[PDB]
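Just data-v9.json here, JSON, C-alpha atoms and all ligand atoms:
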```
[["chain", "number", "residue", "atom", "x", "y", "z"],
["A", 24, "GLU", "CA", -56.40, 69.26, -72.75],
["A", 25, "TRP", "CA", -57.55, 72.08, -75.04],
["A", 26, "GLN", "CA", -56.63, 72.80, -78.67],
["A", 27, "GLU", "CA", -56.96, 76.17, -80.41],
["A", 28, "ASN", "CA", -58.12, 76.03, -84.04],
["A", 29, "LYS", "CA", -57.88, 79.56, -85.45],
["A", 30, "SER", "CA", -59.14, 78.41, -88.87],
["A", 31, "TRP", "CA", -62.68, 78.80, -87.51],
["A", 32, "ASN", "CA", -62.06, 82.56, -87.40],
["A", 33, "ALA", "CA", -62.79, 82.49, -91.15],
["A", 34, "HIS", "CA", -66.45, 81.84, -90.36],
["A", 35, "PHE", "CA", -66.51, 84.94, -88.14],
["A", 36, "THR", "CA", -64.46, 87.11, -90.51],
["A", 37, "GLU", "CA", -66.67, 86.26, -93.50],
["A", 38, "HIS", "CA", -69.45, 88.21, -91.75],
["A", 39, "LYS", "CA", -67.14, 90.89, -90.31],
["A", 40, "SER", "CA", -67.96, 89.46, -86.88],
["A", 41, "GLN", "CA", -65.96, 88.68, -83.75],
["A", 42, "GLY", "CA", -66.66, 85.90, -81.29],
["A", 43, "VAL", "CA", -65.72, 82.49, -79.93],
["A", 44, "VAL", "CA", -66.89, 78.92, -80.51],
["A", 45, "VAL", "CA", -66.07, 76.19, -77.97],
["A", 46, "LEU", "CA", -66.63, 72.48, -78.59],
["A", 47, "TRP", "CA", -66.27, 69.48, -76.28],
["A", 48, "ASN", "CA", -65.95, 65.89, -77.48],
["A", 49, "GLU", "CA", -67.57, 63.93, -74.65],
["A", 50, "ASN", "CA", -66.17, 60.54, -75.66],
["A", 51, "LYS", "CA", -62.59, 61.81, -75.89],
["A", 52, "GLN", "CA", -62.76, 64.48, -73.15],
["A", 53, "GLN", "CA", -61.07, 67.01, -75.45],
["A", 54, "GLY", "CA", -62.06, 70.61, -76.09],
["A", 55, "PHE", "CA", -61.55, 72.86, -79.12],
["A", 56, "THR", "CA", -61.90, 76.60, -79.67],
["A", 57, "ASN", "CA", -60.84, 79.39, -81.99],
["A", 58, "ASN", "CA", -59.87, 81.78, -79.16],
["A", 59, "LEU", "CA", -58.65, 80.45, -75.81],
["A", 60, "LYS", "CA", -58.79, 83.88, -74.18],
["A", 61, "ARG", "CA", -62.38, 84.75, -75.08],
["A", 62, "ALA", "CA", -63.49, 81.19, -74.31],
["A", 63, "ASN", "CA", -62.55, 81.92, -70.67],
["A", 64, "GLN", "CA", -63.95, 85.48, -70.61],
["A", 65, "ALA", "CA", -67.13, 85.84, -68.56],
["A", 66, "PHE", "CA", -70.22, 87.60, -69.95],
["A", 67, "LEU", "CA", -73.81, 88.18, -68.92],
["A", 68, "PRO", "CA", -75.72, 84.92, -69.62],
["A", 69, "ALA", "CA", -78.87, 86.77, -70.80],
["A", 70, "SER", "CA", -81.55, 84.27, -71.92],
["A", 71, "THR", "CA", -79.17, 81.31, -71.62],
["A", 72, "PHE", "CA", -79.90, 81.73, -67.91],
["A", 73, "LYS", "CA", -83.36, 80.30, -68.64],
["A", 74, "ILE", "CA", -81.74, 76.85, -68.35],
["A", 75, "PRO", "CA", -80.89, 77.10, -64.62],
["A", 76, "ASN", "CA", -83.97, 79.26, -63.98],
["A", 77, "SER", "CA", -86.20, 76.54, -65.45],
["A", 78, "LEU", "CA", -84.40, 73.85, -63.44],
["A", 79, "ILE", "CA", -84.85, 75.76, -60.19],
["A", 80, "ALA", "CA", -88.46, 76.77, -60.82],
["A", 81, "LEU", "CA", -89.39, 73.15, -61.53],
["A", 82, "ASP", "CA", -87.53, 71.65, -58.58],
["A", 83, "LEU", "CA", -89.07, 74.12, -56.11],
["A", 84, "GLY", "CA", -92.61, 73.67, -57.45],
["A", 85, "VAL", "CA", -92.85, 77.21, -58.84],
["A", 86, "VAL", "CA", -93.63, 75.44, -62.14],
["A", 87, "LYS", "CA", -95.77, 72.32, -61.83],
["A", 88, "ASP", "CA", -94.91, 70.83, -65.25],
["A", 89, "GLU", "CA", -94.24, 71.76, -68.88],
["A", 90, "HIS", "CA", -97.99, 72.24, -69.58],
["A", 91, "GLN", "CA", -98.85, 74.81, -66.88],
["A", 92, "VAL", "CA", -99.97, 77.99, -68.63],
["A", 93, "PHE", "CA", -98.49, 81.36, -67.68],
["A", 94, "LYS", "CA", -101.02, 83.97, -68.75],
["A", 95, "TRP", "CA", -100.07, 87.10, -70.66],
["A", 96, "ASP", "CA", -100.37, 90.10, -68.34],
["A", 97, "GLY", "CA", -101.98, 92.21, -71.08],
["A", 98, "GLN", "CA", -99.14, 94.73, -71.22],
["A", 99, "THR", "CA", -98.08, 94.95, -74.86],
["A", 100, "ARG", "CA", -94.34, 94.56, -75.47],
["A", 101, "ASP", "CA", -92.59, 95.10, -78.79],
["A", 102, "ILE", "CA", -91.84, 91.37, -79.32],
["A", 103, "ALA", "CA", -94.99, 89.93, -80.89],
["A", 104, "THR", "CA", -94.52, 86.39, -79.57],
["A", 105, "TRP", "CA", -94.38, 87.68, -75.96],
["A", 106, "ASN", "CA", -97.95, 89.05, -76.08],
["A", 107, "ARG", "CA", -99.69, 85.72, -75.51],
["A", 108, "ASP", "CA", -99.99, 82.84, -73.08],
["A", 109, "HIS", "CA", -97.05, 80.45, -72.78],
["A", 110, "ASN", "CA", -95.95, 77.25, -71.11],
["A", 111, "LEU", "CA", -92.38, 76.22, -70.29],
["A", 112, "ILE", "CA", -91.78, 74.89, -73.82],
["A", 113, "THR", "CA", -92.93, 78.03, -75.63],
["A", 114, "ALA", "CA", -91.48, 80.47, -73.09],
["A", 115, "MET", "CA", -88.08, 78.86, -73.72],
["A", 116, "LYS", "CA", -88.50, 78.72, -77.50],
["A", 117, "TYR", "CA", -89.39, 82.43, -77.67],
["A", 118, "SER", "CA", -87.11, 83.57, -74.80],
["A", 119, "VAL", "CA", -90.06, 85.20, -73.03],
["A", 120, "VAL", "CA", -88.26, 87.34, -70.44],
["A", 121, "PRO", "CA", -91.34, 88.50, -68.46],
["A", 122, "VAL", "CA", -92.47, 84.93, -67.78],
["A", 123, "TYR", "CA", -89.05, 84.10, -66.33],
["A", 124, "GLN", "CA", -88.86, 87.34, -64.34],
["A", 125, "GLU", "CA", -91.99, 86.05, -62.57],
["A", 126, "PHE", "CA", -90.32, 82.66, -62.04],
["A", 127, "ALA", "CA", -87.37, 84.45, -60.43],
["A", 128, "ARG", "CA", -89.49, 86.55, -58.04],
["A", 129, "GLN", "CA", -91.24, 83.41, -56.79],
["A", 130, "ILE", "CA", -87.89, 81.65, -56.33],
["A", 131, "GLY", "CA", -86.47, 84.52, -54.28],
["A", 132, "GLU", "CA", -82.91, 85.72, -53.80],
["A", 133, "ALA", "CA", -82.00, 83.29, -51.01],
["A", 134, "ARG", "CA", -83.10, 80.14, -52.81],
["A", 135, "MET", "CA", -81.83, 81.41, -56.18],
["A", 136, "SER", "CA", -78.40, 82.16, -54.70],
["A", 137, "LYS", "CA", -78.14, 78.81, -52.90],
["A", 138, "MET", "CA", -79.17, 76.92, -56.04],
["A", 139, "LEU", "CA", -76.67, 78.63, -58.34],
["A", 140, "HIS", "CA", -73.92, 77.89, -55.81],
["A", 141, "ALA", "CA", -74.94, 74.23, -55.77],
["A", 142, "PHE", "CA", -74.85, 74.36, -59.59],
["A", 143, "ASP", "CA", -71.41, 76.04, -59.45],
["A", 144, "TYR", "CA", -72.91, 78.31, -62.12],
["A", 145, "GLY", "CA", -70.74, 81.24, -63.19],
["A", 146, "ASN", "CA", -69.68, 83.65, -60.46],
["A", 147, "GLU", "CA", -72.76, 82.67, -58.40],
["A", 148, "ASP", "CA", -73.39, 86.38, -57.82],
["A", 149, "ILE", "CA", -77.00, 87.50, -58.09],
["A", 150, "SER", "CA", -76.19, 90.92, -56.62],
["A", 151, "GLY", "CA", -78.72, 93.24, -58.12],
["A", 152, "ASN", "CA", -82.33, 92.55, -58.93],
["A", 153, "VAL", "CA", -83.44, 88.97, -58.27],
["A", 154, "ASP", "CA", -85.58, 89.14, -61.42],
["A", 155, "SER", "CA", -83.10, 90.68, -63.86],
["A", 156, "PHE", "CA", -79.56, 90.00, -62.63],
["A", 157, "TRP", "CA", -78.95, 87.82, -65.71],
["A", 158, "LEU", "CA", -79.80, 90.82, -67.95],
["A", 159, "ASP", "CA", -78.29, 93.79, -66.09],
["A", 160, "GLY", "CA", -76.92, 92.41, -62.79],
["A", 161, "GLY", "CA", -73.64, 90.94, -61.68],
["A", 162, "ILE", "CA", -73.80, 87.29, -62.75],
["A", 163, "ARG", "CA", -71.20, 86.43, -65.40],
["A", 164, "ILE", "CA", -70.32, 83.16, -67.13],
["A", 165, "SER", "CA", -67.80, 82.12, -69.79],
["A", 166, "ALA", "CA", -68.23, 79.68, -72.66],
["A", 167, "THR", "CA", -66.13, 76.97, -71.02],
["A", 168, "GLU", "CA", -68.17, 77.37, -67.83],
["A", 169, "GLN", "CA", -71.36, 76.98, -69.88],
["A", 170, "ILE", "CA", -70.09, 73.64, -71.18],
["A", 171, "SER", "CA", -69.20, 72.39, -67.70],
["A", 172, "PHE", "CA", -72.71, 73.27, -66.50],
["A", 173, "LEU", "CA", -74.33, 71.71, -69.57],
["A", 174, "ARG", "CA", -72.34, 68.49, -69.10],
["A", 175, "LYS", "CA", -73.75, 68.09, -65.60],
["A", 176, "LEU", "CA", -77.29, 68.61, -66.90],
["A", 177, "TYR", "CA", -76.84, 66.04, -69.67],
["A", 178, "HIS", "CA", -75.67, 63.44, -67.13],
["A", 179, "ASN", "CA", -78.41, 64.36, -64.61],
["A", 180, "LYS", "CA", -75.68, 65.24, -62.09],
["A", 181, "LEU", "CA", -77.02, 68.65, -61.05],
["A", 182, "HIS", "CA", -78.37, 68.92, -57.50],
["A", 183, "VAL", "CA", -82.03, 68.88, -58.49],
["A", 184, "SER", "CA", -84.35, 65.96, -59.18],
["A", 185, "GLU", "CA", -83.87, 63.83, -62.27],
["A", 186, "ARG", "CA", -87.40, 64.85, -63.29],
["A", 187, "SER", "CA", -86.56, 68.57, -63.31],
["A", 188, "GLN", "CA", -83.51, 67.89, -65.49],
["A", 189, "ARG", "CA", -85.45, 65.76, -67.99],
["A", 190, "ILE", "CA", -88.16, 68.42, -68.38],
["A", 191, "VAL", "CA", -85.65, 71.21, -69.01],
["A", 192, "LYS", "CA", -83.73, 69.11, -71.54],
["A", 193, "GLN", "CA", -87.04, 68.51, -73.33],
["A", 194, "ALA", "CA", -87.68, 72.27, -73.34],
["A", 195, "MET", "CA", -84.21, 72.91, -74.83],
["A", 196, "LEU", "CA", -85.09, 70.82, -77.92],
["A", 197, "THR", "CA", -84.21, 72.95, -80.95],
["A", 198, "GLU", "CA", -83.60, 70.68, -83.94],
["A", 199, "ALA", "CA", -83.73, 66.99, -84.74],
["A", 200, "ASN", "CA", -83.50, 64.79, -87.82],
["A", 201, "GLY", "CA", -81.99, 61.47, -88.86],
["A", 202, "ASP", "CA", -78.46, 62.89, -88.51],
["A", 203, "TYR", "CA", -78.44, 64.66, -85.14],
["A", 204, "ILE", "CA", -80.38, 66.20, -82.27],
["A", 205, "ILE", "CA", -79.61, 69.69, -80.96],
["A", 206, "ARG", "CA", -80.66, 70.83, -77.50],
["A", 207, "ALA", "CA", -79.65, 74.43, -76.96],
["A", 208, "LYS", "CA", -80.60, 77.91, -75.80],
["A", 209, "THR", "CA", -79.98, 81.31, -77.39],
["A", 210, "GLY", "CA", -79.08, 84.53, -75.62],
["A", 211, "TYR", "CA", -79.02, 88.23, -76.48],
["A", 212, "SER", "CA", -77.42, 90.73, -74.06],
["A", 213, "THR", "CA", -78.04, 94.42, -74.80],
["A", 214, "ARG", "CA", -78.24, 96.31, -71.47],
["A", 215, "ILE", "CA", -74.50, 96.24, -70.69],
["A", 216, "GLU", "CA", -71.51, 96.47, -72.98],
["A", 217, "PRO", "CA", -70.34, 94.63, -74.93],
["A", 218, "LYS", "CA", -73.61, 93.64, -76.61],
["A", 219, "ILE", "CA", -73.35, 89.96, -77.56],
["A", 220, "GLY", "CA", -75.31, 86.94, -78.73],
["A", 221, "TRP", "CA", -75.14, 83.47, -77.17],
["A", 222, "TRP", "CA", -75.83, 79.97, -78.35],
["A", 223, "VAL", "CA", -75.12, 77.09, -75.96],
["A", 224, "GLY", "CA", -76.12, 73.44, -75.96],
["A", 225, "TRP", "CA", -74.96, 70.13, -77.41],
["A", 226, "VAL", "CA", -75.25, 67.86, -80.44],
["A", 227, "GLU", "CA", -76.44, 64.29, -79.84],
["A", 228, "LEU", "CA", -75.14, 61.60, -82.20],
["A", 229, "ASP", "CA", -75.72, 57.86, -82.29],
["A", 230, "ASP", "CA", -72.53, 57.21, -80.27],
["A", 231, "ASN", "CA", -71.20, 60.59, -79.06],
["A", 232, "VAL", "CA", -72.21, 64.02, -77.80],
["A", 233, "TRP", "CA", -70.62, 67.31, -78.84],
["A", 234, "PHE", "CA", -71.22, 70.12, -76.37],
["A", 235, "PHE", "CA", -70.88, 73.67, -77.66],
["A", 236, "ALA", "CA", -71.00, 77.25, -76.43],
["A", 237, "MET", "CA", -70.51, 80.36, -78.55],
["A", 238, "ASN", "CA", -70.86, 84.09, -78.08],
["A", 239, "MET", "CA", -70.23, 86.89, -80.55],
["A", 240, "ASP", "CA", -70.33, 90.67, -80.69],
["A", 241, "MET", "CA", -73.88, 91.77, -81.53],
["A", 242, "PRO", "CA", -74.00, 95.55, -82.05],
["A", 243, "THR", "CA", -77.38, 95.22, -83.82],
["A", 244, "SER", "CA", -80.23, 92.72, -83.78],
["A", 245, "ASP", "CA", -79.59, 92.16, -87.51],
["A", 246, "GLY", "CA", -76.89, 89.52, -86.95],
["A", 247, "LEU", "CA", -78.80, 87.26, -84.55],
["A", 248, "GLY", "CA", -79.21, 84.58, -87.22],
["A", 249, "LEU", "CA", -75.40, 84.38, -87.29],
["A", 250, "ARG", "CA", -75.26, 82.76, -83.84],
["A", 251, "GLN", "CA", -76.58, 79.54, -85.39],
["A", 252, "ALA", "CA", -75.09, 80.06, -88.86],
["A", 253, "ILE", "CA", -71.50, 80.35, -87.61],
["A", 254, "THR", "CA", -71.86, 77.47, -85.15],
["A", 255, "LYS", "CA", -73.15, 75.14, -87.88],
["A", 256, "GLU", "CA", -70.33, 76.10, -90.24],
["A", 257, "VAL", "CA", -67.90, 75.09, -87.48],
["A", 258, "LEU", "CA", -69.84, 71.87, -86.92],
["A", 259, "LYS", "CA", -69.79, 71.14, -90.65],
["A", 260, "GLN", "CA", -66.07, 71.85, -90.94],
["A", 261, "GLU", "CA", -65.41, 69.40, -88.09],
["A", 262, "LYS", "CA", -67.61, 66.76, -89.77],
["A", 263, "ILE", "CA", -70.01, 66.77, -86.82],
["A", 264, "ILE", "CA", -73.09, 67.41, -88.99],
["A", 265, "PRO", "CA", -73.59, 66.89, -92.76],
["B", 301, "LIG", "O1", -82.15, 85.50, -78.99],
["B", 301, "LIG", "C1", -82.60, 85.58, -77.83],
["B", 301, "LIG", "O2", -82.42, 84.71, -76.94],
["B", 301, "LIG", "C2", -83.41, 86.80, -77.46],
["B", 301, "LIG", "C3", -83.84, 86.99, -76.16],
["B", 301, "LIG", "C4", -84.57, 88.11, -75.82],
["B", 301, "LIG", "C5", -84.87, 89.06, -76.79],
["B", 301, "LIG", "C6", -84.44, 88.89, -78.11],
["B", 301, "LIG", "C7", -84.69, 89.95, -79.13],
["B", 301, "LIG", "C8", -84.88, 91.28, -78.75],
["B", 301, "LIG", "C9", -85.05, 92.27, -79.67],
["B", 301, "LIG", "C10", -85.06, 91.97, -81.05],
["B", 301, "LIG", "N1", -85.24, 92.99, -81.96],
["B", 301, "LIG", "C11", -85.24, 92.67, -83.24],
["B", 301, "LIG", "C12", -85.08, 91.38, -83.73],
["B", 301, "LIG", "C13", -84.90, 90.36, -82.85],
["B", 301, "LIG", "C14", -84.89, 90.63, -81.46],
["B", 301, "LIG", "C15", -84.71, 89.63, -80.47],
["B", 301, "LIG", "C16", -83.72, 87.75, -78.43],
["B", 302, "CL", "CL", -87.15, 65.22, -75.83]]
```

Just give me the structure of the file as structure tokens.
Amino acid sequence: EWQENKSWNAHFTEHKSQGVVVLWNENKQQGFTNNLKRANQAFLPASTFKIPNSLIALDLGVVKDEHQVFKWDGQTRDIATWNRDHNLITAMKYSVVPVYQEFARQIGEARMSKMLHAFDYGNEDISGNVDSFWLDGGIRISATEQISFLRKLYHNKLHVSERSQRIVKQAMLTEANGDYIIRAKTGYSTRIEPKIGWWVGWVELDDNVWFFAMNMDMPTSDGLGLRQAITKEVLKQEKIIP
């Protein structure tokens, strides 16, 4: 069962923002959100799609391991961190689109489509460009669907090797200390309206896991830091992190 906690809206309103946060208590199998409607509204995954893309590239041998270097093609793009060599860890950390567009081309439409159906990922529709459908194509996914996919990955239940799933979960590592571990992936969709930011992942505790997925209206790149800020305020309010 799902519970709607509209008090979280305060964290969005304080920044004149609109969005949704969805949480899932794994131990209790209970979900919580500030907006049931938007939690079930499907959006472009944008760079959150690098989770399934990584999984598929690894399982098919397109990527040998997390150390294989993907060389910069020398074409200068306006994101400084993209103009250099990367491996799977750094490409994920810096959301390096062009590296993953190359992953997608080597996967191919047929294998990509079959894999996303096996993952039951979003609408499973890669209609459009094989290498950009997650940025301007037809694939859509909601916050609650993100959680369901993430839960399978955490439990190694996706239809790829255990090894592929362990490597991707390593690459998702975002923050860790004595209080919690966060494995997550950001997203920023700008080529189709409405422009939004994503943050999806989970919080590991000593004896529980809290999965989360949030998106928010992102008319300008200036509010990107709010994806994490708002999520952590919700996590603090719910006593999940200090
Ligand atoms: O957050 C992501 O996952 C992501 C993924 C791909 C691109 C960007 C991005 C693009 C333009 C920016 N322009 C200004 C400042 C920051 C910017 C970030 C972010
Ligand atoms: Cl790890």

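Distances to residue 131 in chain A were evaluated for A:174, A:198, A:107, A:85 using only C-alpha atoms, and the minimum falls at A:85.
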
Would you kindly return, as an mmCIF file with C-alpha atoms, in the coordinates of the input, each protein, DNA or RNA residue with an atom no farther than 12 Å from any atom of range 183-189 of chain A, considering all atoms listed in the file and excluding same-chain residues fewer than 2 positions away?
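Output (part20.cif):
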```
data_model
loop_
_atom_site.group_PDB
_atom_site.id
_atom_site.type_symbol
_atom_site.label_atom_id
_atom_site.label_comp_id
_atom_site.auth_asym_id
_atom_site.auth_seq_id
_atom_site.Cartn_x
_atom_site.Cartn_y
_atom_site.Cartn_z
ATOM 1 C CA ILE A 74 -81.740 76.850 -68.350
ATOM 2 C CA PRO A 75 -80.890 77.100 -64.620
ATOM 3 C CA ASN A 76 -83.970 79.260 -63.980
ATOM 4 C CA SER A 77 -86.200 76.540 -65.450
ATOM 5 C CA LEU A 78 -84.400 73.850 -63.440
ATOM 6 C CA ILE A 79 -84.850 75.760 -60.190
ATOM 7 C CA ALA A 80 -88.460 76.770 -60.820
ATOM 8 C CA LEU A 81 -89.390 73.150 -61.530
ATOM 9 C CA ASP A 82 -87.530 71.650 -58.580
ATOM 10 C CA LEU A 83 -89.070 74.120 -56.110
ATOM 11 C CA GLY A 84 -92.610 73.670 -57.450
ATOM 12 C CA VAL A 85 -92.850 77.210 -58.840
ATOM 13 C CA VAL A 86 -93.630 75.440 -62.140
ATOM 14 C CA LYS A 87 -95.770 72.320 -61.830
ATOM 15 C CA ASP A 88 -94.910 70.830 -65.250
ATOM 16 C CA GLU A 89 -94.240 71.760 -68.880
ATOM 17 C CA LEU A 111 -92.380 76.220 -70.290
ATOM 18 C CA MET A 138 -79.170 76.920 -56.040
ATOM 19 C CA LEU A 139 -76.670 78.630 -58.340
ATOM 20 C CA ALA A 141 -74.940 74.230 -55.770
ATOM 21 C CA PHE A 142 -74.850 74.360 -59.590
ATOM 22 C CA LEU A 173 -74.330 71.710 -69.570
ATOM 23 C CA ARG A 174 -72.340 68.490 -69.100
ATOM 24 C CA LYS A 175 -73.750 68.090 -65.600
ATOM 25 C CA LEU A 176 -77.290 68.610 -66.900
ATOM 26 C CA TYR A 177 -76.840 66.040 -69.670
ATOM 27 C CA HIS A 178 -75.670 63.440 -67.130
ATOM 28 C CA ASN A 179 -78.410 64.360 -64.610
ATOM 29 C CA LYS A 180 -75.680 65.240 -62.090
ATOM 30 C CA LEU A 181 -77.020 68.650 -61.050
ATOM 31 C CA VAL A 191 -85.650 71.210 -69.010
ATOM 32 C CA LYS A 192 -83.730 69.110 -71.540
ATOM 33 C CA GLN A 193 -87.040 68.510 -73.330
ATOM 34 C CA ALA A 194 -87.680 72.270 -73.340
ATOM 35 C CA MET A 195 -84.210 72.910 -74.830
ATOM 36 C CA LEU A 196 -85.090 70.820 -77.920
ATOM 37 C CA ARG A 206 -80.660 70.830 -77.500
#
```

Looking at A:27, A:159, A:245, A:202, which one is nearest to ligand LIG 301 (chain B), with distances taken over all atoms listed in the file?
A:245

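Closest approach to residue 52 in chain A among A:148, A:24, A:256, A:132: A:24, based on all atoms listed in the file.
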
Compare A:207, A:252, A:237, A:59 by their minimum atom-to-atom distance to residue 115 in chain A, counting all atoms listed in the file, and give me the closest one.
A:207

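You will find CA of residue 253 in chain A at 25.9 Å from CA of residue 162 in chain A.
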
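The residues sitting within 8 Å of ligand LIG 301 (chain B), with only C-alpha atoms and all ligand atoms considered, come out as residues 69, 70, 71, 102, 117, 118, 119, 120, 208, 209, 210, 211, 212, 220, 221, 244, 245 and 247 of chain A.
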
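The nearest approach to residue 261 in chain A among the residues A:46, A:68, A:113, A:171, with all atoms listed in the file taken into account, belongs to A:46.
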
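With all atoms listed in the file as the basis for measurement, A:155 is the residue among A:106, A:155, A:129, A:243 that approaches residue 67 in chain A most closely.
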
Got a sec to check which residues sit within 9 Å of (-65.5, 84.2, -67.6), counting only C-alpha atoms, and write them as an MDAnalysis selection string?
chainID A and resid 61:66 145:146 163:168

Write the residues of the selection above to a file with C-alpha atoms, as a PDB file, keeping the file's coordinate frame.
```
ATOM      1  CA  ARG A  61     -62.380  84.750 -75.080  1.00  0.00           C
ATOM      2  CA  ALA A  62     -63.490  81.190 -74.310  1.00  0.00           C
ATOM      3  CA  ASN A  63     -62.550  81.920 -70.670  1.00  0.00           C
ATOM      4  CA  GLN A  64     -63.950  85.480 -70.610  1.00  0.00           C
ATOM      5  CA  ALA A  65     -67.130  85.840 -68.560  1.00  0.00           C
ATOM      6  CA  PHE A  66     -70.220  87.600 -69.950  1.00  0.00           C
ATOM      7  CA  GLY A 145     -70.740  81.240 -63.190  1.00  0.00           C
ATOM      8  CA  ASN A 146     -69.680  83.650 -60.460  1.00  0.00           C
ATOM      9  CA  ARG A 163     -71.200  86.430 -65.400  1.00  0.00           C
ATOM     10  CA  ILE A 164     -70.320  83.160 -67.130  1.00  0.00           C
ATOM     11  CA  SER A 165     -67.800  82.120 -69.790  1.00  0.00           C
ATOM     12  CA  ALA A 166     -68.230  79.680 -72.660  1.00  0.00           C
ATOM     13  CA  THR A 167     -66.130  76.970 -71.020  1.00  0.00           C
ATOM     14  CA  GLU A 168     -68.170  77.370 -67.830  1.00  0.00           C
TER      15      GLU A 168
END
```

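If you look at CA of residue 30 in chain A and CA of residue 230 in chain A, they are 26.5 Å away from each other.
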
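When CA of residue 72 in chain A is paired with CA of residue 201 in chain A, their separation reads 29.2 Å.
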
For residue 260 in chain A: contacts at 12 Å, only C-alpha atoms, fewer than 6 positions along chain excluded, given as a VMD selection string:
chain A and resid 28 30 to 34 253 to 254

Would you put the residues from that selection into a file with C-alpha atoms, as a short mmCIF file (atom, residue, chain, number, x, y, z; two decimals), keeping the file's coordinate frame?
```
data_model
loop_
_atom_site.label_atom_id
_atom_site.label_comp_id
_atom_site.auth_asym_id
_atom_site.auth_seq_id
_atom_site.Cartn_x
_atom_site.Cartn_y
_atom_site.Cartn_z
CA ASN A 28 -58.12 76.03 -84.04
CA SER A 30 -59.14 78.41 -88.87
CA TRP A 31 -62.68 78.80 -87.51
CA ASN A 32 -62.06 82.56 -87.40
CA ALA A 33 -62.79 82.49 -91.15
CA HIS A 34 -66.45 81.84 -90.36
CA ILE A 253 -71.50 80.35 -87.61
CA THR A 254 -71.86 77.47 -85.15
#
```

Could you give me the centre and size, in Å to one decimal, of an axis-aligned box around all listed atoms of range 244-259 of chain A with 5 Å added on every side, as lines of an AutoDock Vina configuration file?
```
center_x = -74.1
center_y = 81.9
center_z = -87.2
size_x = 22.3
size_y = 31.6
size_z = 16.9
```

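Within 6 Å of the point (-70.0, 83.4, -81.9), and counting only C-alpha atoms, the protein, DNA and RNA residues are residues 42, 43, 44, 237, 238, 239 and 250 of chain A.
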
Using the selection just defined, write its residues with C-alpha atoms as a JSON list (two decimals), in the coordinates of the input.
```json
[["chain", "number", "residue", "atom", "x", "y", "z"],
["A", 42, "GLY", "CA", -66.66, 85.90, -81.29],
["A", 43, "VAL", "CA", -65.72, 82.49, -79.93],
["A", 44, "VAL", "CA", -66.89, 78.92, -80.51],
["A", 237, "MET", "CA", -70.51, 80.36, -78.55],
["A", 238, "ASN", "CA", -70.86, 84.09, -78.08],
["A", 239, "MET", "CA", -70.23, 86.89, -80.55],
["A", 250, "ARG", "CA", -75.26, 82.76, -83.84]]
```
